[PDB]
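Structure 1 and structure 2 below are the same protein chain in two forms, each given by itself as structure tokens.
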Structure 1
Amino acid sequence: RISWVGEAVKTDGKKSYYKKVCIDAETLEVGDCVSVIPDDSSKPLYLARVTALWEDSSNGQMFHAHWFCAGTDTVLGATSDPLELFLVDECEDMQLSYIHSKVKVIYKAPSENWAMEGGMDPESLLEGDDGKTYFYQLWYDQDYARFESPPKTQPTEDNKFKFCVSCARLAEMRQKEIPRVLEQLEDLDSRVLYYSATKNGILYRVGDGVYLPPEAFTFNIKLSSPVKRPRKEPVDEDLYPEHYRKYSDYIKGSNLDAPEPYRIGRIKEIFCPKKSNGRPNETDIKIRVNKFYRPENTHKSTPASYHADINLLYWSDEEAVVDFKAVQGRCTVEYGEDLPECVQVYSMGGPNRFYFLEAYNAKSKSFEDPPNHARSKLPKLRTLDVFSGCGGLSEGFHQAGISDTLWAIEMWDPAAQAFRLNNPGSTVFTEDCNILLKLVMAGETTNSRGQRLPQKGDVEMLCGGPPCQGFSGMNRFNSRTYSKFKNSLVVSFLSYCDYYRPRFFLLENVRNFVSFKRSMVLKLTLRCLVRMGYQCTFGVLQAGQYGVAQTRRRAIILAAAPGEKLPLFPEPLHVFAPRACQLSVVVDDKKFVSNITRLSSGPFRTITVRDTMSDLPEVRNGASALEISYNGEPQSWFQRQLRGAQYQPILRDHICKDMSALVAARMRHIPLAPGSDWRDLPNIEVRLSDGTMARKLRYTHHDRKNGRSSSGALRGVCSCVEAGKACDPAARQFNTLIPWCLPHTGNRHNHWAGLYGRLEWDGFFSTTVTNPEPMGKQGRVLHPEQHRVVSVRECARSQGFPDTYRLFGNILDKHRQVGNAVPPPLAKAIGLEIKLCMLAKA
């Protein structure tokens, strides 16, 4: 009792398409939505749109089902509106007998007045439902967790009766994934030359720059097998009784495992080998490139990288043939003297830009002029920055050219004053953001200081980082902690988003924002954005990959209004230690990644502690002079950038905490070799600067787990080294050069690795802290050579702040301002992705 209605629309092969069918008491036509029975009766019904109806000579009565995704199957899980569906590129042929019923599915489109329709209370944002039939508003990418406006793919007259948009988009994706050759230049003896080729939607022509993996080719300058570090030569165990705790071969902050950046070539030929009959084998695409040298690839090796621009290359006449499938992306490489602009303007004007001024001759180990054949606005968004701090995120967005931060909210006054000092045109509110929003919603125009409150339409971009105090555990919500979340600053920030409805929205936070409360904080944040009707996504970024010598992972939530394009996450710019670049996120057993494809290498070398601060003058422990001489010119590219173009005769805030006499003696005895920390301290008496004496540490109890030194000395410093015995107060020792508490509890704290630890010139900072303390958790705060902790200026350099960026207050206030900020280079990379969306808006 399955009956076709009418004559066949088209007969193709063993298929006869129809526009309408009758099943029992119902009639179905293309475009109708149906439910479909699953094998597991416990599982819910599948829902689909019918995109075609045909009789098959071998399969019987058939239709094409374009499946909807239930909201509960997305990252939103159980927080989803129970009747919300999402478009996905999932579809298949199916027998008509599997249809259970016809269902109503409504497209809930945002209205033309969407930007004025905000103001629902937090309960409505978090838990409110549409309360109607099935509906969709957004398309969903299940691997990247992206909610976007539905695609506008269009059918022709050759497919209108059977058009499946999912089939069409999948076919486009497949074609985009396959390398192809387009033009045709010449036919040689054993190969065919081509003028252009395409890969992953990128067009490559003869003469373009290509990124290649570091293994793609070698240079004529082969290598120098370095004198490797020996196997930890023995030390005097009586002099250094805690050195045994360094049995791990892992050094915090070391760049020994960072990969090489990309090889860079200029396409000389694009070609295919010929078949036996003369035709080209276009499944086998090759390119011949000229090799570019980075400075560190010449005979001068790594030190050549110290002073050179990070995008400086050297031309050479060496050539390599590589598979086209190895290309990692396209880049622009230009001879510097032929630019219509200076090198700095060129380098700041776009991505993937390199330049060369000379050619390198490997045979002669010399430099030459390149050969002739090597030659050949947008209005800013009015931005509100909530929980701005001193303004690192706003500074990076400003550098990207996308925003003017006209309003900022910062409750901690020294940070608010710093933000004002750097942004004279902005209005900085110090009130509770809840109070400010309530005033705006009540129709107030100015706050109690006479500052004008932003109104609907004023705010075009909203960014901030809300604290998660009270719900930053990993365990599941309960009634109390869920109430704390509902009344929290995260939800207040979401309320700002709902009321103002900016074009773009950014929430930044610590990495574990994606995992707090079994990922429910993340899921609810996304749920609120979708409930407002925003496009949105999330991901994790590593700041070191965008140009700071610092490991700092951040969770990022991005949203874009209906009518906008949802931004992509920025591709890594700098290679960085892979152990610090774990960006994936597991939510309810589903592993999510961002759109980022640079997982193994990148265009630029890693930024080091040397890059960051080798130019700063020597200062002492407790340095307090607020304005001093730099004592020399900037040395590295990074320093040239951060000092800026205008000559700065005064270096500011190169001041350090005044550590006590005992702490200073300890710092003076930490060796300079990489990986040095408290475990390298000698066990000696030392006279302190205040006349007092630092004492030897005595070993008073036998530590069965840790054994004894080679002279038979014990290794415990307290009775608690026994199984169940408590701590003996008489066993506590004071004013020892080796701190008593570190051997006291080291066995359960990974030997307190990194406390009193030195940075290394070749390595990177641990996450820049708000108050550098050698015996705190983030204790690796000692200068690579000087006997002091890092200065405020050095922390600001680790964050990528320009040297001209003003700070405010006492030294601890300035450290906290620096340590709480988003690094401007990270903020700038994100902002450039938003700029791409602004320019591409349809």
Structure 2
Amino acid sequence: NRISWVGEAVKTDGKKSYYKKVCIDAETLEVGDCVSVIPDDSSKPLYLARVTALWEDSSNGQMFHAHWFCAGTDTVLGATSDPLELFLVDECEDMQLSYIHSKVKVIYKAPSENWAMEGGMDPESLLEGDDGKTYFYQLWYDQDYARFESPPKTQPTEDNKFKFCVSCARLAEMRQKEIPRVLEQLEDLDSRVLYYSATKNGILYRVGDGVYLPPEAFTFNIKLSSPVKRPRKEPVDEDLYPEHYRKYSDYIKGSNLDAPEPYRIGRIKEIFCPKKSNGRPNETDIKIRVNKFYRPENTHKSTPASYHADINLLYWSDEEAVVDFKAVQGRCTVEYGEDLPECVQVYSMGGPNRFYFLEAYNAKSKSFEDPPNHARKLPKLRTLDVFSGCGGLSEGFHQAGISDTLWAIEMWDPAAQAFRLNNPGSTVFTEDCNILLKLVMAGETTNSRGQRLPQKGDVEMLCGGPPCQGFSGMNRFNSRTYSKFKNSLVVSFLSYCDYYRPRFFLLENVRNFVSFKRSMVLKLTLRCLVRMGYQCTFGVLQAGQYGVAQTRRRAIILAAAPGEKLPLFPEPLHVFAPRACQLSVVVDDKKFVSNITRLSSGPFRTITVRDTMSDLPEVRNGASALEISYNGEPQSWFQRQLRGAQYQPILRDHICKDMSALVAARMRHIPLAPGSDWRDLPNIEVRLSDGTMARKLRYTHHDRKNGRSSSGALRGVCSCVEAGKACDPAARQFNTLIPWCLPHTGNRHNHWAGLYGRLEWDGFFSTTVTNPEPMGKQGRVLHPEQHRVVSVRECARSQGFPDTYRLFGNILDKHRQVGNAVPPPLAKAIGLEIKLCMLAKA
């Protein structure tokens, strides 16, 4: 007695009769109108949707199609969202008309044609500002990846326009994109139909193309004896090594024993579908036959064959396998090197997923035969880099070909000088970024040096990593902290974005940026960008997956102006230890991931400490010669890349801190075996290089939790070892080889694992910090063999810096420059994603 149709039906598709207008009590609804629905739980707020179709079902009565909006508080923004902002989402369903509560007005707030000149909002307007009091949307939202994007431009046909749901259309396109399909048929064999090409996840595969496959897809025919398993830890003299018992965990940080294998690689020989006795092919079960390629490490030459080889070198093999097309992880190029027109280096650097071979491998004879014969630019963005440091981020972007950094802002003079030495075309402001922005906003044209300040329209890309000081805690945010946030460098960096309105924006930070203050810093940062009208997303990347022998997880925020394509995060290139690759983020009990799909493998093997620095000459503790001979050619692929094509007669900055006599003696007594650290130190007297004697540590107290040695000796060094008893300021010992403070507080610091710890050749670096110190928190900084801390050059190599990359200042200045930097290989991978967006703009 309320719902009655207006007019007659438009179409009668079976048991549905469609209409264009319906009357509900005193209101009339038409296709395109927006309505509210009460949730089943009356406490929850109203649902909101657009009506895309109206019909009568001959069994279920009056129906409509609801394309739901998403409330801002249901996105990652949460309670920081504008109360009246909605977001488009790909969610819709059929619903009885009786569930409609009321008609509502929803406005599309489009960015203006002058959007890039509308910046200059107060930071209060950025963080807390709202709009006029009516529902509105401006962005589309991806709930799984936390991506805000410009609304899709999907258009209907002249047939479905009367019931066109954009969500239904995009979901149908996504299902079409995912499902594997055969395209062009080649020959009809008795049992199967052969195809020339097939498609999957938007990629075209043809006979002769290379394919990535999971390591589980096939085995190699090579027969091998079982490798010798890791030996059981032998007992030790508890009196001579009193702290060795603290290594009961049997876990080695920086170890590569549990890194996965990289992809199998094959060349498609056949694409085929089984044919029923009917004769039609079964096109839901597509199969491929491939020839297996061997990586050097897959031959009877084990892992050591990978040491010198190019990371994209393969061997042909005549072994074949059949796998499901569904198992293919991606398409790659595998070419015969001698038949390539260019040199292998120009080929290898010209594009992603490029491999080559020269020889073939015979598993049965364990020999290397020769393969059978049946195998055969846009203008750069003007970039402002804020908090530029010595320029690791700018270097990677320049390597990706997208960026000319014309302006850099860096308050610390040594890093600014380093940036200048590497960027002679750039204007480098050695200035507080807060001061510079105030000058520009006041209408100044030059800073106090006479340097021309960038103006609106000059800056097309903005990038930087702003440090966090006062809000790095994980506790709640209060009046003091939030005031400290409103005046923080993060907000200053966002103010640069609001003023200049670049095409692309990148904010990089430590991983914990995503969780600081219960993730409020992240949430407020995303809210600012959305308020400005930017598309944006966030994620966590592991630098080791992009080509360095270093675990370094970093938080990344990417934003793109309206009119641009929002970039994707780059797919991992190198496999890396899975414990170091925890990239997901929880925001208000919701788990967010990035678009990255390579979760378990990748095209290239992991980069190791050996790859990084096996070619550097031996130097001593305190080495200070700034210019020395390399004494030989680069040995690994990684070293060949970082040394460059041009011959380098001189190796620079292979210098080390001059550790004191005691610390030097400790380093000399750290064993070379992998996993060695302070817990392996002998409890002996040692005469030091300056005449000092290093004293023996003696156990003066009882640790019931830790127990007693094999021969009954105590294991405590302080009265604080008792539950309650305070620190006795006389049990502290000095000039001890085993550092007193480590057994003193080791019970609540995981036994200070890694301090005075050696790198291992097969492993990776711990995070490269600004000042390598064996008794710091990241203490695993000893050379694998030499009795010293890693050099400046070795730290720069762990960050993927080219050896030509200039640093400036004393040795602590240079360590700080290197330790603060974004690894160029990570920044290059990000830049190539931005490059795809530049080329795809239309």
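Every residue number counts along structure 1's sequence, beginning with 1. Under this definition, the rigid core comprises the largest set of C-alpha atoms superposing within 1.5 Å between the forms.
- Comparing the two forms between the two structures on the rigid core, the single residue of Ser224, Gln646, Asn113, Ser448 with a CA shift of 2 Å or greater is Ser224.
- Comparing the forms between the two structures, the C-alpha position of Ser479 differs by less than 2 angstroms, with the core used for superposition.
- Relative to the superposed core, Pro370 undergoes a Cα shift of 2 Å or more between the two structures.
- CA movement of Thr767 between the two structures equals 0.3 Å, with the two forms superposed on the rigid core.
- Taking the core as reference, the C-alpha deviation of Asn200 between the two structures is 1.2 Å.
- On core superposition, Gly278 has its C-alpha offset by 2.4 angstrom between the two structures.
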